[PDB]
Amino acid sequence: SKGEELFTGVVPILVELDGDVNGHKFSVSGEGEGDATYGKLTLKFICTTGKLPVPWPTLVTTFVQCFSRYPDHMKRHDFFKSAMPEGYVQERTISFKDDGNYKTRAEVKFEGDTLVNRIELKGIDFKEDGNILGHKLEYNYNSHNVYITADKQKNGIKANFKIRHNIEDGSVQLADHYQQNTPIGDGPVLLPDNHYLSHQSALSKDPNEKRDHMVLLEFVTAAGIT
Ligand SMILES: [Cl-]
């Protein structure tokens, strides 16, 4: 399998994001590696412009589902590795309940030996001291299922899901995610039957890191097909 074969071992990852939320600009760089055999990602992000102006957890879904573990019986449903090495475009609208939204566009593709995710994010209509701009989210993350369906007219997939962000008082901020992936190349890809990715993510800090940053550990496995 062409794109499959790219993921058999440990693959270096680079992530670059440029953001503007309510007119506040920022950049983040990240790096680490992914091992699709285990569905495992390990990543470290740095805000290179100073302090991140939105909470770190609100960016986790934005910051590579090609590293998901597709069990053997589900391998024909793996759109993400089938689009490689040329890659795919991943767009989202992320609507924070009773608050603003992010729109993101990313390119995920091999650039030489490294899998690269380059993102542009634009956030509008946030409240000046709502959970996002007021930094009221706990520094943590919950497990979620990403329900994938084929988008055959775009030769890709759509996904819909809701992220639960725990709030420092015990309430939860929902972030509705509407996602569209289109391959960058012209040829055929694998278009899946309905299924889901089981995502889990754990956020931590590097004690020796004085920059605003996030260390992110993920495990992602496909499921929903027996
Ligand atoms: Cl939860």
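Throughout, numbering of the chain's residues begins at 1 and tracks the sequence.
- With hydrophobic clusters built from ILVMFWY side chains whose heavy atoms lie under 4.5 angstrom apart, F219 does not share a cluster with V10.
- Applying the 6.0 Å contact sphere to CD of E91 captures more than 12 heavy atoms from other residues, nucleotides or ligands.
- No path of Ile, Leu, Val, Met, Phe, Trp and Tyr side chains, each step under 4.5 Å between heavy atoms, connects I148 with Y178, placing them in separate hydrophobic clusters.
- Here the closest heavy-atom approach between residue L52 and residue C47 is recorded as N-SG, 3.7 Å.
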### Task
In sequence, state the C-alpha distance, the side-chain angles, and the governing distance for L216 and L41, and then conclude on side chain to side chain contact (heavy atoms under 4.5 Å, CB included).
CA-CA 8 Å; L216 171 61; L41 291 149; over 6 Å; no

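- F26 approaches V28 most closely through the heavy-atom pair CD1-CG2, 4.3 Å.
- Between atom CD of residue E31 and atom CD1 of residue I46 there is a gap of 8.5 Å, rounded to the nearest 0.5 Å.
- In the hydrophobic clustering of ILVMFWY residues, with side-chain heavy atoms under 4.5 Å counting as a link, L191 and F80 come out together.
- With hydrogens and angles left out, the side-chain atoms of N101 and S95 include no donor and acceptor closer than 3.5 Å.
- The hydrophobic clustering, which links ILVMFWY residues whose side-chain heavy atoms are closer than 4.5 Å, places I157 and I225 together.
- For the pair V60 and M214, the minimum side-chain heavy-atom distance is below 4.5 Å.
- Closest heavy-atom contact between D206 and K44: OD2-NZ, 2.7 Å.
- Salt bridge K75/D72: present, at least one basic N to carboxylate O contact under 4.0 Å.
- Expressed to the nearest 0.5 Å, how far NE2 of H135 lies from CG of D129 amounts to 9.5 Å.
- In this structure, the side chain of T104 engages the main chain of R92 through a donor-acceptor pair within 3.5 Å.
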### Task
Begin from the C-alpha positions of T49 and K25 and carry the test side chain to side chain contact (heavy atoms under 4.5 Å, CB included) through to its verdict.
CA-CA 8 Å; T49 55; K25 308 221 158 233; over 6 Å; no

### Task
Walk me through it: do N181 and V108 pass the test side chain to side chain contact (heavy atoms under 4.5 Å, CB included)?
CA-CA 10 Å; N181 287 51; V108 183; over 6 Å; no

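- Taking CD1 of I184 as the start and CD of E86 as the end, the distance is 7.5 Å to the nearest 0.5 Å.
- Counting heavy atoms from C-beta on, the side chains of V21 and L121 come closer than 4.5 Å.
- Taking all atoms of both residues into account, the shortest heavy-atom contact from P192 to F79 is CD-CB, 4.2 Å.
- Within the 4.5 Å cutoff, side-chain heavy atoms of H144 are placed close to those of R164.
- Within the 6.0 Å centre-distance limit, the rings of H195 and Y70 are counted as a close aromatic pair.
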### Message
Evaluate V54 against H24 for side chain to side chain contact (heavy atoms under 4.5 Å, CB included), listing each step before the verdict.
### Response
CA-CA 9 Å; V54 287; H24 306 293; over 6 Å; no

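- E33 places a side-chain heavy atom less than 4.5 Å from the side chain of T42.
- Between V15 and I119, the closest side-chain pair of non-hydrogen atoms falls below 4.5 Å.
- At least one donor-acceptor pair closer than 3.5 Å links the side chain of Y139 to the backbone N or O of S204.
- Here the side chains of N140 and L203 are not in contact, with every heavy-atom distance at 4.5 Å or above.
- Cluster membership for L14 and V64, using ILVMFWY side-chain heavy atoms within less than 4.5 angstrom, is not shared.
- Rounding to the nearest 0.5 Å gives a distance of 4.0 Å between OG1 of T149 and CG of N194.
- Side-chain rings of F161 and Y196 stay apart, their centers remaining 6.0 Å or farther from each other.
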### Message
Could you walk me through whether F67 and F7 satisfy the ring-ring contact (aromatic ring centres under 6.0 Å, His included) test, starting with their C-alpha distance in whole Å, then the side-chain angles of each, then the deciding distance to 0.1 Å, before giving a yes or no?
### Response
CA-CA 7 Å; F67 288 100; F7 290 88; 5.2 Å; yes

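- Closest approach of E209 and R211 over heavy atoms only: OE1-NH2, 2.5 Å.
- The line from NZ of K103 to NZ of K122 is 7.0 Å long, rounded to the nearest 0.5 Å.
- Remark: side-chain polar atoms of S27 are not paired, donor with acceptor, to backbone N or O of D18 under 3.5 angstrom.
- Atom CG of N160 sits about 7.5 Å away from atom CG of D176, to the nearest 0.5 Å.
- Between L6 and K81 the shortest side-chain heavy-atom distance does not fall below 4.5 Å.
- Side-chain contact check for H165 versus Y141: some heavy-atom pair is nearer than 4.5 Å.
- No option in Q173, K136, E168 other than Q173 meets the side chain to side chain donor-acceptor pair (under 3.5 Å) test with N131.
- Contact detail for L43 and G32: the closest heavy-atom pair is CD2-N, 3.9 Å.
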### Message
Could you go through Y102 and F96, starting from their C-alpha distance and side-chain angles, then the distance that decides it, and tell me whether this counts as ring-ring contact (aromatic ring centres under 6.0 Å, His included)?
### Response
CA-CA 8 Å; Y102 296 161; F96 292 92; 4.8 Å; yes

